[PDB]
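Read-outs throughout are calculated quantities, based only on the coordinates presented, and are distinct from any laboratory measurement. Heads up, the Cβs are rebuilt from the backbone with ideal geometry, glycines too, and the neighbour counts pull from every protein chain shown.
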RNA sequence: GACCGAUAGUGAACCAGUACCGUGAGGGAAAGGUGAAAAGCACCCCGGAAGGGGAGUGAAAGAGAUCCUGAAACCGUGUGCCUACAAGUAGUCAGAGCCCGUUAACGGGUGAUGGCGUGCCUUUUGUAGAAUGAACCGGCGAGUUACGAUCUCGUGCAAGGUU
RNA sequence: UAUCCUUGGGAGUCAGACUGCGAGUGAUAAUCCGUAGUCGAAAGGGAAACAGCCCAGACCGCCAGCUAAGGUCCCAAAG
RNA sequence: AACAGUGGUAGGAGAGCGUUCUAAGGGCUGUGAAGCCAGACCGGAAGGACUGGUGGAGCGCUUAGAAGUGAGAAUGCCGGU
């Protein structure tokens with residue numbers, strides 16, 4: 001600022017002014033934070049809608065139980081080959097399947113999501129969604 | 001963020017110091033006095049697209065007035081009879097571009113005294 | 001002064017500032033160029049007799 | 001998400017002062033003389 | 001063609017342009033003999049440069065040291081040193097380009 | 001050689017010479033023929049009674065486009081007045097054959 | 001697009017006698033010939049005029065009581081030293097000057113205003129030594 | 001890190017609270033960049049040396065020690081066109097002559113000569129002013145941040161809305 | 001002939017200048033009651049030059065056409 | 001499609017172009033990128049694009065949210081002349 005600059009008080013008006021090169025900036029951005037909020041009614045009526053874009057273009061793909069045995073990332077590349085999904089994707093599983101979460105984190109395109117932690121963003125970016133059917137019954141209960 | 005902006009000032013000051021290309025003295029290098037004689041040289045060039053519309057008139061009249069003194073008529077006497085008898089709406093330019101050809105002018109000059 | 005001078009009134013004040021070629025002749029001894037009416041620096045002789 | 005076009009008449013460019021002579025309010029920034 | 005730059009020999013580059021006005025169109029032997037006949041303070045500096053300008057050509061291009069003539073003789077301002085009101089000490093680039101006729 | 005006054009100031013046109021007429025429609029590539037011949041000349045058929053009867057000039061429409069970009073600047077002596085505008089003026093080139 | 005001449009101008013040579021005409025009445029018709037107003041081709045920056053020779057300048061006359069009234073002033077660069085003269089002495093001691101002074105006022109001012117004045121030739125008596133150009137007589141229209 | 005990138009960010013990216021200034025309390029700077037590598041110029045030539053020209057190194061010496069890129073003011077040297085009878089906010093329309101060939105276009109550069117033409121910004125009832133301000137170039141340099149009021153717009157729900 | 005009410009948002013100015021017409025006045029001389037116009041915020045033509053006078057209102061081109069005030073020997077367009 | 005209209009400071013309203021940045025995509029660059037210098041092109045303005053030289057590591061484009069602002073004037077400040 002002009003005041004928190006290690007500057008002089010005497011006339012050389014002052015050696016650390018707005019026009020002076022040795023001084024700081026007049027205005028300038030200060031320690032602030034912008035955190036607004038929608039209503040609760042407008043926070044659960046959109047997660048359906050981005051889901052609703054996906055039922056249109058068959059971007060939803062539903063699987064049963066997300067069958068895994070270990071943490072082999074070679075299996076998931078065969079699974080992405082099996083479901084023929086190419087770019088970024090989603091995985092939603094209701095019970096935090098640890099073989100799923102420990103796998104696929106290194107595969108660059110994909111991500112796994114515990115079913116309560118869905119949000120309006122990752123449905124838009126990852127643009128297709130491998131869902132276990134066991135998680136589908138949960139998501140109507142919260143919304 | 002912070003925006004320095006150095007690549008946007010010189011390209012805004014070349015295009016003024018290019019339109020001054022050919023002035024006297026310092027007025028094609030210093031930006032501070034090349035901006036005045038661009039803002040004035042667009043101002044004369046509007047004011048003097050109206051005089052060359054009106055100072056080619058004093059050319060064509062002065063040549064017609066000399067080409068009419070071959071037949072005794074002045075300019076006012078000639079144009080007065082050029083609208084009475086003849087129904088032509090000939091320009092004072094195109095009744096002057098034919099001054100070179102005496103035969104042509106003469107023919108049109110004969111009708112002036114026909115209704116005078 | 002009252003107002004600075006341009007590049008035109010500056011370069012016109014330097015026509016009567018340049019210097020001229022001094023008088024150079026051909027020594028009769030064994031020189032190439034030397035100021036007239038004087039003793040050469042390299043032979044060091046005058047008229048027709050070296051006085052050095 | 002590629003072309004997230006906002007609703008028409010929902011946003012408006014913030015008014016500036018002293019950033020143009022023809023834009024308006026630049027000399028005295030619309031604060032009088 | 002022969003080139004001899006004297007880089008940052010200490011002379012003010014307006015007192016050195018007053019000596020390069022008679023050696024830009026003269027014959028090469030007829031200029032070196034006129035440099036020693038001048039009382040100019042900064043005359044010896046140019047003499048050395050010229051003498052080195054010939055000897056660059058007649059050794060490395062071998063071009064008949066009584067046929068040459070002086071094409072370009074410019075003097076450029078060089079980096080200055082400022083002392084203490086402030087006194088500048090100017091410098092000079094002197095170059096001479098000699099070619100055949 | 002005819003003086004034609006079609007859509008603007010009358011112009012002197014001899015045989016075999018291109019001119020520049022204002023933007024009539026003219027369907028560039030086709031022909032056109034004016035109808036307002038004044039003073040077809042040579043044998044001196046005067047312009048008695050508003051344009052010689054029966055006299056036409058056939059022309060071939062050749063090229064349409066614009067002129068050199070005249071950029072009009074304008075400003076007052078004070079009160080922060082500034083105005084700036086470019087202006088390409090349209091034009092039509094026609095060659096000339098067979099004065100009737 | 002109109003014709004504008006370019007240094008291809010055949011000057012004639014015209015004799016004008018000032019036998020009983022007036023100063024400003026005869027100088028008002030001469031300075032249109034000098035400027036080239038009477039030619040059918042005429043361009044205001046090319047000087048398409050033509051030479052005139054004036055014979056018997058001392059025969060001129062000016063009306064009214066002007067032969068005692070009109071006083072010619074020629075104030076030099078010296079402040080407080082402005083000379084003055086009349087018009088009776090001017091048309092008698094050297095009547096050349098009176099015509100070429102009053103012509104000079106009616107001509108324009110500038111470069112062509114002093115270029116055109118070089119075409120004027122005013123001699124005394126009634127004889128011009130310019131017969132190698134064969135001028136003809138032109139009366140005042 | 002929707003932070004800065006050497007006039008910024010701390011005063012300080014570098015032998016900085018240093019150098020300097022002051023008796024003293026105290027004040028308080030300036031200054032980054034060869035190259036992938038040091039391969040940093042064996043030798044020859046002029047010169048007292050500096051500095052050059054060759055030769056070598058290297059992808060580059062136009063990279064040679066304040067060394068990447070290197071703008072502008074300022075200073076130059078060549079070269080096409082004008083200029084030694086001419087009174088001009090220097091320009092602008094008309095305009096030969098002369099020299100040129102383009103992002104091909106009613107081309108480009110100079111312009112003898114004619115017409116018109118009281119700089120710029122701020123301020124005042126009002127400017128040409130001697131009313132104020134600028135030597136020039138370059139950089140930096142002045143209206144929006146959560147907290148409260150009020151209205152417009154957009155949106156959700158709506159006699160129920162909201163944490 | 002197309003303007004003016006309401007309500008609400010947002011302001012600016014608060015020493016204007018000069019030239020005329022209806023009552024005076026002042027020295028029936030240069031304030032002032034009224035009212036108009038222009039400039040302020042308005043270029044172009046005319047009055048030699050001219051912020052307030054005369055005519056007139058600039059979207060931008062064109063080497064198109066007639067007029068306003070004012071003008072017609074020459075400078076400078078036209079008897 | 002015919003009319004009507006377009007001087008303008010204070011001031012009010014509306015429509016736009018640019019400058020850095022982090023990501024959803026899409027795509028050039030060592031056969032030469034930014035930056036720099038040229039140019040006789042394009043758009044109603046702010047401003048864009050293409051060839052040519054110089055440079056030796058990066059940039060950019062319709063699409064959305066933010067902008068430590070886009071300078072000719074401070075008897076501005078630092079540097080250079």
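Of all the listed residues (F:51, F:33, F:58), the sole one being within 10 Å of another protein chain (Cβ to nearest Cβ) and either in contact with a strand residue (DSSP E or B) (Cβ under 8 Å, 6 or more places away or on another chain) or not in a loop (DSSP other than H, G, I, E, B) (or both) is F:51. The residue that is nearest to RNA strand I (Cβ to nearest atom), counting only those in the range B:1-24 that are within 29 Å of the chain's Cα centre (by Cα) and in a loop (DSSP other than H, G, I, E, B), is B:19. Scanning the range D:1-18 for residues that are over 9 Å from the mean Cα position of the chain (by Cα) and exposed (fewer than 10 other Cβ atoms within 10 Å of the Cβ) yields D:2, D:3, D:4, D:5, D:6, D:7, D:8, D:9, D:10, D:11.
Scanning the range B:18-40 for residues being surrounded by 14 or more Cβ atoms within 10 Å (Cβ to Cβ) and near RNA strand H (Cβ under 7 Å from one of its atoms) gives a total of 5. Scanning the range E:28-43 for residues that are in contact with a strand residue (DSSP E or B) (Cβ under 6 Å, 6 or more places away or on another chain) and farther than 20 Å from residue C:42 by Cα yields nothing. Looking across the range B:41-52, the residues that are within 11 Å of chain F (Cβ to nearest Cβ) and more than 6 Å from RNA strand H (Cβ to nearest atom) come down to B:42, B:43, B:46, B:47, B:49.
Among the residues of the range A:97-105, none qualifies, meaning not one is within 18 Å of residue D:1 (Cβ to Cβ), in contact with a helix residue (DSSP H, G or I) (Cβ under 8 Å, 6 or more places away or on another chain) and assigned to a loop (DSSP other than H, G, I, E, B).
Would it be correct to say that residue B:94 is facing another protein chain (nearest Cβ under 10 Å) and in a loop (DSSP other than H, G, I, E, B)? In short, yes.
So for the range A:18-39 (the condition being in a loop (DSSP other than H, G, I, E, B), within 16 Å of the chain's Cα centre (by Cα) and under 25 Å from residue D:3 (Cα atoms)), does at least one residue qualify? First the steps, then the outcome.
If we filter the range A:18-39 for residues that are in a loop (DSSP other than H, G, I, E, B), which is where we start, we get A:18-39.
Those still in the list that are within 16 Å of the chain's Cα centre (by Cα) too: none.
No: the range A:18-39 contains no residue that is in a loop (DSSP other than H, G, I, E, B), within 16 Å of the chain's Cα centre (by Cα) and under 25 Å from residue D:3 (Cα atoms).
One residue alone among B:83, B:15, B:11, B:4 is more than 9 Å from every other protein chain (Cβ to nearest Cβ), surrounded by fewer than 17 Cβ atoms within 10 Å (Cβ to Cβ), more than 8 Å from RNA strand H (Cβ to nearest atom) and over 28 Å from residue F:69 (Cβ atoms), and that residue is B:83. Every condition in (1) within 12 Å of RNA strand I (Cβ to nearest atom); (2) under 30 Å from residue B:111 (Cβ atoms) is met by residue F:58 except one, and the failing one is (1).
The set of residues in the range F:61-100 being in a loop (DSSP other than H, G, I, E, B) and either within 16 Å of the chain's Cα centre (by Cα) or away from chain B (no Cβ under 14 Å) (or both) consists of F:67, F:79, F:88, F:89, F:100.
Is it true that some residue in the range A:67-84 is within 22 Å of residue D:2 (Cα to Cα), more than 14 Å from every other protein chain (Cβ to nearest Cβ) and either crowded, with 17+ Cβ neighbours inside 10 Å or out of contact with any helix residue (DSSP H, G or I) (no Cβ under 7 Å at 6 or more places or on another chain) (or both)? Taking every residue of the range A:67-84 in turn, none turns out to be within 22 Å of residue D:2 (Cα to Cα), more than 14 Å from every other protein chain (Cβ to nearest Cβ) and either crowded, with 17+ Cβ neighbours inside 10 Å or out of contact with any helix residue (DSSP H, G or I) (no Cβ under 7 Å at 6 or more places or on another chain) (or both). Checking each residue in the range G:105-129 for being closer than 19 Å to residue G:58 by Cβ and either within 16 Å of RNA strand H (Cβ to nearest atom) or loosely packed, with under 15 Cβ neighbours inside 10 Å (or both) picks out G:120, G:124, G:125, G:126, G:127, G:129.
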